[PDB]
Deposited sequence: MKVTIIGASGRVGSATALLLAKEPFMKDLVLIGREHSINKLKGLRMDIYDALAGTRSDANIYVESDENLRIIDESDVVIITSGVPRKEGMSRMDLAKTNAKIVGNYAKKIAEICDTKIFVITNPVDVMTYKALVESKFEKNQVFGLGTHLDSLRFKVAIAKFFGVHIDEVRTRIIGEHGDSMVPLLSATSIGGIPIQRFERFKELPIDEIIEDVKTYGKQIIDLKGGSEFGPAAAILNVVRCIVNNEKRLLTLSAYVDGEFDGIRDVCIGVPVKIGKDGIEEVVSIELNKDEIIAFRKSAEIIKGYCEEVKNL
């Protein structure tokens, strides 16, 4: 496998680079960054080897500037971390330029898949898909995957059940228009509504903590790096091994809502997004989902 991290100098980028360098399937990792980043990245690589300690002697790491993207050729996936820190529309445009440029350059080199993490992730995935000309199945963004994971952990801790028993999600925007799918939330297969303890669940407090998670972690340490990297590693594993798991990622929706990249349920595999799962949403859910889709169409 050959993955290219564009923005490997970042926090999420370097965390994910180290995590991927350890997988047995990673054979050619490509760390890309602007020219002033090159030296820095050459250091990252150094340390990434110091950790492997000779275990992966068939592993190869490459460092190149964002000028000579010819090394991207034949990459299975290209993960884009490049972006700028925080008005909302101002940031949308500022980062849209970067991601559109990178997508355009990537498509010129090869027909690959694109994993967008930069924010606003849904609109950034829209811009990437447009400026790449790629098919709707080969471009996707992190979207509300991390928020859904946090929500799942919260529910599981409340109910005192193992993490694997809880299956839920949060579709919508990676923002405040989130739409928790309580209709598609189950414990061991049971709908959560058939538990009596569901009436005691602090729903608003949980969802508010999830909405504010980025704010809190920015206030404390200046941004999340480890957890996002772990989630991205898991998504890459879902792709390379053709695992066909039902994730929640920002994808192009058309009738499943239309002409918008929003956080929806998706079956991920070797061929990227193989399916956008369309399911019946209760009334409030579908209303709020439409609202989130409007806000996301804005940018």
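- According to the record, C-alpha coordinates are lacking for deposited residues 87-90, 261-263, 307-313.
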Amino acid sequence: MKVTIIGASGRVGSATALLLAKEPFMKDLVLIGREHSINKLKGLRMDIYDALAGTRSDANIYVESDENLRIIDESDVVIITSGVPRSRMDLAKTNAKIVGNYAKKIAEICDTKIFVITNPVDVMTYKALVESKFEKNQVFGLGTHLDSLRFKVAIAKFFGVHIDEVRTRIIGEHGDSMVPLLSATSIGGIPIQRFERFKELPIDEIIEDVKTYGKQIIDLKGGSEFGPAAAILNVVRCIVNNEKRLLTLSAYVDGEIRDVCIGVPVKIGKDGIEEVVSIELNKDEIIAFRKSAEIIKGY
From here on, numbers count along this sequence of modelled residues.
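- Looking at 286-294 and 13-21 together, the entry lists the larger mean B-factor for 286-294, computed on C-alpha atoms.
- Taking the PDB entry as given, 29-37 carries the higher mean Cα B factor of the two stretches 235-243 and 29-37.
- Across 152, 113, 104, 145, the entry's maximum B-factor at the CA atom is seen for 104.
- Out of 227, 188, 223, 160, the entry records its largest CA B-factor for 223.
- Among the modelled residues of its chain, residue 203 has a C-alpha B-factor that falls in the middle third according to the deposited record.
- In the deposited entry, the Cα temperature factor of residue 262 sits in the top third of values across the chain's modelled residues.
- Placement of the Cα temperature factor of residue 173 within the chain: middle third of the modelled residues, per the deposited record.
- Sort the modelled residues of the chain by CA B factor and residue 123 lands in the middle third.
- Annotation for residue 184: CA B-factor lies in the highest third of the chain's modelled residues.
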